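One structure below.
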Amino acid sequence: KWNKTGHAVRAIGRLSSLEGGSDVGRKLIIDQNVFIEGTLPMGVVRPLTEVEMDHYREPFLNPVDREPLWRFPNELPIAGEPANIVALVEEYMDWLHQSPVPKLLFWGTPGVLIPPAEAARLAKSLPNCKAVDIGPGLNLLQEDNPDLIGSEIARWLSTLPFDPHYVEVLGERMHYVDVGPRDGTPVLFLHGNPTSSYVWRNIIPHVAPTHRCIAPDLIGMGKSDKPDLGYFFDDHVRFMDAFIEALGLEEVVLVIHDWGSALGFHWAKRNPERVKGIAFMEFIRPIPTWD
Ligand SMILES: [Cl-]
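For the sequence shown, our numbering begins at 2 and goes up steadily by one.
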C-alpha cells in the first residue's frame, strides 16, 4: 500500500486526467509543489534537511517553472502509453541487451522504478554488467548511500559546492558541473526528475581525482534557463544532444539516473561507438501494466 502511494503520488497528474477525469493532479503538482514536497522526500529513505530541501526547492520556487515536474510523469512508459516513448525506450533496452559496453547497476530496497527483483534479473541478462546493492533506497539512491556509489564508480572506472560553468545550448544557457582532469575520457552525470546536478554532489568528489566529471542541469531545471516549453522528453533530447556537442565530447562514460537514464540510454543507442561505459540506477524501462 505505502509502496503504492509513492508511485501514485508521482503519477497523480496522469491518473487524475486519465482514470479520474480530473485536473486536481496538475493542481497539486503545479500549485502545491507536491512533486517537490512529496514525491522527492518519499524517494529517499533518510530524512532531508531543510538546507537540502531548499536546494531541491530552489529551481521551482515559482509555479510557472514547474512544467517539467508535471510533464515528466505524463511521459513515463506505462501500459504502452505514450506509444512514442514506449517504442523509444523499448528500442534502447534492446540495444542495451545486445551491447557489450561495460555496465554498472546500482539498486536499493525496495526501490521505486526498479524493484530489487527487477535489478537482479536485468543484471544477469545484460552483458558485462555488475550489480551493486546500496542497501536501503528508494529513487534517489545517491542521497541514501553516496559513499558506496561514489567509491564503486571510481573502482569501476579504474578497470576501464562546485563553481558554476555555463554553455549556450540552442539559444538557452545550461549550467553544469565540471571538475577533474582535462584529459582522458570524461564522465557525464545525468540527473532525473525532480532533481538537478545537486543529486550528484556527494558522488562527484569520489570520481574527481582521476576522471573529468560533467554534471549538467537539464533545461528548465536546476540553474539552467527555463523557457516556455512543454518540456516533453523530445525537448530534453534536443538540449542534451546539443549540450554534448557544445562541450566537444567525443567518447564518454555515462552515469545516469531516473529520466536522465532515458536520455543517456537514448543517446547511447544512437551513438554506441562513443560510449565507453554506463553506470545506471533507478532507470526508465517500459512498465507493462499499472498493476
Ligand atoms: Cl516522472
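Virtual Cβ for every residue (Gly too), placed ideally from N, Cα, C.
Have a look at residue i and residue j and give me their C-alpha separation to the nearest angstrom.
| i | j | result |
| --- | --- | --- |
| residue 214 | residue 206 | 9 Å |
| residue 22 | residue 75 | 14 Å |
| residue 101 | residue 128 | 6 Å |
| residue 183 | residue 10 | 42 Å |
| residue 54 | residue 170 | 28 Å |
| residue 1 | residue 120 | Because the chain here runs from 2 to 292, residue 1 falls outside it and cannot be looked at. |
| residue 135 | residue 24 | 37 Å |
| residue 269 | residue 167 | 24 Å |
| residue 82 | residue 210 | 43 Å |
| residue 30 | residue 56 | 18 Å |
| residue 258 | residue 173 | 23 Å |
| residue 19 | residue 26 | 10 Å |
| residue 73 | residue 13 | 12 Å |
| residue 96 | residue 39 | 34 Å |
| residue 248 | residue 124 | 32 Å |
| residue 287 | residue 8 | 15 Å |
| residue 16 | residue 37 | 18 Å |
| residue 137 | residue 117 | 11 Å |
| residue 235 | residue 155 | 32 Å |
| residue 34 | residue 5 | 20 Å |
| residue 242 | residue 61 | 24 Å |
Buried or exposed for residue i, going by 16 or more other Cβ atoms inside 10 Å?
| i | result |
| --- | --- |
| residue 147 | buried |
| residue 59 | exposed |
| residue 223 | buried |
| residue 3 | exposed |
| residue 63 | exposed |
| residue 65 | exposed |
| residue 143 | buried |
| residue 227 | buried |
| residue 98 | exposed |
| residue 255 | buried |
| residue 78 | buried |
| residue 162 | exposed |
| residue 48 | exposed |
| residue 293 | Since the displayed the chain opens at 2 and closes at 292, residue 293 lies outside it and no answer follows. |
| residue 189 | buried |
| residue 108 | buried |
| residue 145 | buried |
| residue 291 | exposed |
| residue 278 | buried |
| residue 158 | buried |
| residue 141 | buried |
| residue 80 | exposed |
| residue 231 | exposed |
| residue 187 | buried |
Considering only C-alpha positions, which residue in the set the options is nearest to residue i?
| i | options | result |
| --- | --- | --- |
| residue 233 | 86, 178, 282 | 86 |
| residue 240 | 218, 65, 117 | 218 |
| residue 325 | 70, 263, 63, 35 | Coverage of the chain is limited to positions 2 through 292, which leaves residue 325 absent and any answer about it impossible. |
| residue 111 | 269, 244, 45 | 45 |
| residue 238 | 278, 260, 250 | 260 |
| residue 153 | 288, 281, 20 | 281 |
| residue 273 | 138, 94, 140 | 94 |
| residue 126 | 20, 104, 210, 50 | 104 |
| residue 41 | 194, 12, 132 | 194 |
| residue 165 | 172, 199, 137 | 199 |
| residue 178 | 244, 159, 229 | 244 |
| residue 283 | 265, 17, 159 | 265 |
| residue 271 | 16, 89, 80, 36 | 89 |
| residue 180 | 212, 130, 242 | 212 |
| residue 252 | 52, 68, 32, 161 | 161 |
| residue 289 | 84, 131, 28 | 84 |
| residue 201 | 149, 242, 229, 130 | 149 |
| residue 185 | 204, 250, 216, 285 | 250 |
| residue 275 | 132, 285, 246 | 246 |
Can you confirm whether residue i, when its beta carbon is compared against all beta carbons of chain C, has any partner nearer than 8 Å?
| i | result |
| --- | --- |
| residue 148 | Although the question refers to chain C, the structure presented lacks it and comprises just one protein chain. |
4 or more residues per run - each alpha helix (DSSP H) lying fully within the segment 163-218: Contiguous alpha helix (DSSP H) elements confined to the segment 163-218 occur at 205-208, taking only those with 4 or more residues.
In chain order, what are the residue ranges of uninterrupted alpha helix (DSSP H) at least 4 long that sit wholly in the segment 84-171? 84-99, 117-126, 142-145, 147-159
Closer than 7 Å: residues whose CB approaches a heavy atom of ligand 1: 11, 73, 74, 77, 194, 260
Quick check on the DSSP output: what are the complete beta strand (DSSP E) runs of length 3 or more inside the segment 10-94, in order along the chain? none
Entirely within the segment 217-279 and at least 3 residues each: give me those beta strand (DSSP E) ranges in chain order. 253-259
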